[PDB]
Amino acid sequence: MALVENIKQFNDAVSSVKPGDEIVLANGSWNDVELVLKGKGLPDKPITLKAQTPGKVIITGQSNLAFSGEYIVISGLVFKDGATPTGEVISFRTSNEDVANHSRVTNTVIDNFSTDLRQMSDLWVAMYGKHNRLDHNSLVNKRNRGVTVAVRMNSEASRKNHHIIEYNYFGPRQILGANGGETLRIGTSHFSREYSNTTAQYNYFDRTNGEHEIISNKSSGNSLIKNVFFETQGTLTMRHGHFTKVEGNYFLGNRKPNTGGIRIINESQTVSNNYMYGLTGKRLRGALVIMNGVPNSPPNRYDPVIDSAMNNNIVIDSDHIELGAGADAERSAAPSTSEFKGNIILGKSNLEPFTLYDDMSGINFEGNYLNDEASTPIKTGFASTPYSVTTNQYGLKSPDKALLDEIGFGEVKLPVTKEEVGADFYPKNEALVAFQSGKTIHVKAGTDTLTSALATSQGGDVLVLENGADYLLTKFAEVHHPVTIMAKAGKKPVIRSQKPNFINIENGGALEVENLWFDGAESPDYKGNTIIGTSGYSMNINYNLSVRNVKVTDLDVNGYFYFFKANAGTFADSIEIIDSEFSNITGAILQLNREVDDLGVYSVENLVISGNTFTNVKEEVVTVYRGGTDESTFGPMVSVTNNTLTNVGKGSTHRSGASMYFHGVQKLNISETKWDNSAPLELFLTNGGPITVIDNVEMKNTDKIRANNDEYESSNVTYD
């Protein structure tokens, strides 16, 4: 019917709409468009809004879609590189009272509708009203905060909805490094007791690693069944609400880090007939979790587990089954009137997978299996079994056919594949620009030669520098894509700069430097200079920093001169500082303490400091900060091995007054390192389960380890 190519023609076709009529957007770009479509369609005659050719109609800029009435259909659309001017990209409503009932969004795409500020949050699809369908859609590259798809329950109209979120493709989602990165959320805490009755089936979750919750269930009566979780970090949690059915879900961890399974909280839940391979998650992110609750709980906390069944689940090569997880003064109530029956746990990665944080008499264990090699503290309900896991006709590591016939599982096979989900026209091309994957450039020694090479380089390229040659910068050496700046063999070229900062890693940029020498002889007489620094504007694309075999000297023109400053609103998936030497620096080596909100936002996911020497550093070698009490993220994970510190942290300018400072770090491993006439190593351990193993550390002429509390393991700590 009526084809349109502008906002006027479109709103005319909306005003003049009736059951059966189809409004078509013509192939081409639609920038800054706030699409509103109202109308009462019919079961036999539905009011449609479609693309002329699915994939050729593209919506960018400050654009969105709002719709209300009955039997509305949205199909073929694309929403690429832009942002909604409201809180939702696609909305199943037009006002608080006008919601869409019996409507459908299908064969539609949302690719990078992320706001430029990585800190801003918004919902990409917000479902309202009753009996709507959301299927065969691809939603990729969410680089800001908020839920990819949410089911709203703010009013009786949207409650007991019976929505179906089917065959959708949830593309990779980088780590937020803060709370608020769920892929699917059904309801909120304010309306948790109400039944939503939603069904989320046949969806594929591909590396959706936002935070520790891939699905946050926050209402009663929903069914999260037949889904695939390919290498996803975090868990499917029964966050709030009762009577949830979680079955037929395959979780392919492939031994990838921080991969979790299912977390039971609250009442009358049924987690049965799920498959789980190689899940490495622990505590609230275990492969199977049954939490401890808060008795007579406030809605935003945890209801004690009652009347629940975790049965007939296959757990192959996974490390943790957490019973009573989260137990403390707050969560004092252990599961009751529940059961754990006929489970097949086969894995040699952890031979004591069960971690029982409280008494588990409330649970009825019976008919379970655990490989001969592994032990369980649970005296009854468990039977010994040979560790026989063979790759079946579908490529999945399946156990023996007798054990499957005993529990009634059937053929171990995916309920859906990456090829059956999402939009048919849109490709699932990986956004993986690897380091050293491009053309190699040769940089002649001189003034602004590294600057020019960078400016015209491509993503993944390698800039090779002249061994022993002097390089000077007079302009910022900007890094807008992955880049390697190295020199081969063993003659360090000497880089100096007349700007406050040498290299700025900008949005989309990732940097690895090898065999380089940085020196401050040309650095200006300003406080706050740095060798490497992040953008200075929010970076919604995660970065990486690898510093290998580097010399840094004389950063002393003025005070507060750093090696690295990671600005707020920037986030590294990986920071590595290896085989390097640092001398005479008036600031700090790594300033990763700039997140000032105190609500779980931190600057680095993985931090490795190894094989390094530091001499005459007026501030810290490293200061890592994740303030507050948030339990939604895998916090900063730090490793500090084989290092020497000499005259570090003795200055009066840094506020911690430490050589190494750790606040809110969730996995801290310090070993084989020595302190000499430096400032003490400081800890500030926060909530959650912070793993801290300090071993074989020498501390000559240095005041002993500072700490807020003693929740850390310290061995072989030699004073002097």
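One-based numbering along the sequence shown.
392-400 and 542-550 differ in mean CA B-factor, and the higher of the two is recorded for 392-400. As recorded in the PDB entry, 411-419 is the stretch of 233-241 and 411-419 with the greater mean C-alpha temperature factor. Listed residues 628, 533, 129, 460 were ranked by CA B-factor as deposited; 460 comes out on top.
Taking only the listed residues 386, 500, 146, 177, the entry reports the highest CA temperature factor at 386.
Among all modelled residues in this chain, the alpha-carbon of residue 478 has a temperature factor (C-alpha) in the lowest third. Among the modelled residues of its chain, residue 648 has a C-alpha B-factor that falls in the middle third according to the deposited record. For residue 380, the recorded CA B-factor ranks within the highest third of the chain. Only modelled residues enter the ranking. Among all modelled residues in this chain, the alpha-carbon of residue 293 has a temperature factor (C-alpha) in the middle third. Sort the chain's modelled residues by C-alpha temperature factor and residue 53 lands in the highest third, per the entry.
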